[PDB]
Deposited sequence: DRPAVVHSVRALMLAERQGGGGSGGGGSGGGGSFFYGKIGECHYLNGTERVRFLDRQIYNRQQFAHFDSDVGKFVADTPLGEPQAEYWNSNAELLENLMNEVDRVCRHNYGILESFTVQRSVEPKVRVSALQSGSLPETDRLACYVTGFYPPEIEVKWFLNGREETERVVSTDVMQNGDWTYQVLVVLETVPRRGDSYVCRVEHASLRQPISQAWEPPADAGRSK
């Protein structure tokens, strides 16, 4: 293996029922990978971010009055500000190179299944469901074609859902009563795929 690097807690907050929450979020924003990298350190108390450090600004910015005393003190220490700026190479650049292979370049193919759903008011199929499952990255295109024509009006789609296991899913339903001699095709385009998946539905 290779060692992932953590942002150290160099800054310390300075003194100036009930629930009490403190959060630290060190964001390594990548645009065009290593070409442009931005480090944002977010300091949160309860649900209010009192201050943040932007690598582009190179100084701490107070987002709330409570953050003003903290930002001034941290900005006084030039070695801290330099050390935080070094985290763009030390954490953001370092970590990108180790994790790009199985993150930035994760590809998992959609599995595609079409099934008929019954009406619930009538003895018939009223919906055709295209279950698109197990895919990464999250961005996907799913389209219904009836006799070669794209349908938009009679298709209702769920959001793309996070499964939480690094896979995603989406359900695109075509509202139609299937007719024998009609072609119903679910077409799926995804980065993992050289050729789109055209999953046709046939009756019994």
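**Q** Missing CA coverage against the deposited sequence, listed in sequence order.
**A** Deposited residues absent from the model fall in 1-2, 19-30, 219-225.
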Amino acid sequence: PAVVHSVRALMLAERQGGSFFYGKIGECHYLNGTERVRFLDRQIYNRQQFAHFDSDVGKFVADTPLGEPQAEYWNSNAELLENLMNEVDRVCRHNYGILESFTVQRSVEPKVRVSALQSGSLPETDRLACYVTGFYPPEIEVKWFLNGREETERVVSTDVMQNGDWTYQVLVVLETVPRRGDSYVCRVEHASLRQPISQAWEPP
From here on, numbers count along this sequence of modelled residues.
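**Q** Using only the Cα atoms and their B-factors as the entry lists them, report which of 111-119 and 88-96 averages higher.
**A** Higher mean C-alpha B-factor: 88-96.
**Q** Going by the mean C-alpha B-factor recorded in the entry, which is higher: 156-164 or 38-46?
**A** Stretch with the greater average CA B-factor: 38-46.
**Q** Just to confirm, going by the entry's C-alpha B-factors, which of 11, 191, 25, 188 comes out highest?
**A** In this record, 11 carries the highest C-alpha B-factor of the candidates.
**Q** Between 173, 177, 170, 31, let me know which has the highest C-alpha B-factor in the entry?
**A** Answer, based on the entry's C-alpha B-factors: 31.
**Q** Pull the Cα B-factor of residue 104 out of the PDB entry and bin it into the chain's lowest, middle or highest third.
**A** As the PDB entry reports it, the C-alpha B-factor of residue 104 lands in the middle third of its chain.
**Q** Which third, lowest, middle or highest, does the CA B-factor of residue 142 fall in along this chain?
**A** Lowest third.
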